[PDB]
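Student: Coordinates for the following, if possible.
(one chain, ligands or ions: 1)
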Amino acid sequence: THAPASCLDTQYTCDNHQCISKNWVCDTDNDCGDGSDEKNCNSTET
Ligand SMILES: [Ca+2]
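Tutor: Numbers count the residues shown, from 1 in each chain. Below is the structure:
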């Protein structure tokens, strides 16, 4: 019994509850607007 996450399976759930592609997460461009997809990442890209 798997628990279905928010948004699509291949989608990411931003802090703003936005549903973007998981391939957009931490791609050095804020997709969620608030940039939560970029904030949830561990790299010194600045
Ligand atoms: Ca992004």
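
Student: For stretch 19-31, buried residues please.
Tutor: Neighbour-count burial for stretch 19-31, counted by 16 or more other Cβ atoms under 10 Å, picks out 20, 24, 25, 26, 31. (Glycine included, C-beta is placed from N, CA and C.)

Student: For the residues you listed, could you give me CSV that also reports distance to the ion and secondary structure?
Tutor: As requested, those are exported to CSV (distance: Cβ to the ion, whole Å; DSSP: H, G, I helix; E, B strand; the rest coil):
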residue, distance to the ion, secondary structure
20, 7, strand
24, 4, coil
25, 6, coil
26, 6, coil
31, 4, coil
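
Student: I'd like to know which of those is nearest to residue 9.
Tutor: Comparing the buried residues of stretch 19-31 against residue 9 with Cβ to Cβ places residue 20 closest, at 13.2 Å.

Student: Quick check: the closest one touching residue 32?
Tutor: Yes. With contact defined as Cβ atoms under 8 Å, residue 20 reaches residue 32; the gap is 6.1 Å.

Student: Find residues that contact each of these two.
Tutor: Common neighbours of residue 20 and residue 32 (criterion: Cβ atoms under 8 Å, 6 or more residues apart in numbering): residue 14.

Student: Show me the residue at the heart of the protein, geometrically.
Tutor: Closest residue to the average C-alpha location of the chain: residue 37 at 3.5 Å, with Cα atoms, centre = their mean.

Student: Would you mind measuring from that residue to the ion?
Tutor: 5 Å (Cβ to the ion, to the nearest Å).

Student: likewise residue 13?
Tutor: Distance from residue 13 to the ion, by Cβ to the ion: 13 Å.

Student: Now that residue, what are its backbone angles?
Tutor: phi -110, psi 100 (degrees, to the nearest 10).

Student: what sits against it?
Tutor: Counted by Cβ under 8 Å, 6+ apart, residue 13 has contacts 5, 6, 7, 19.

Student: mind redoing it with 10 Å?
Tutor: 5, 6, 7, 19, 20, 22, 32, 36, 37 (Cβ atoms under 10 Å, 6 or more residues apart in numbering).

Student: any idea how far it is from residue 46?
Tutor: 25 Å (Cβ to Cβ, to the nearest Å).
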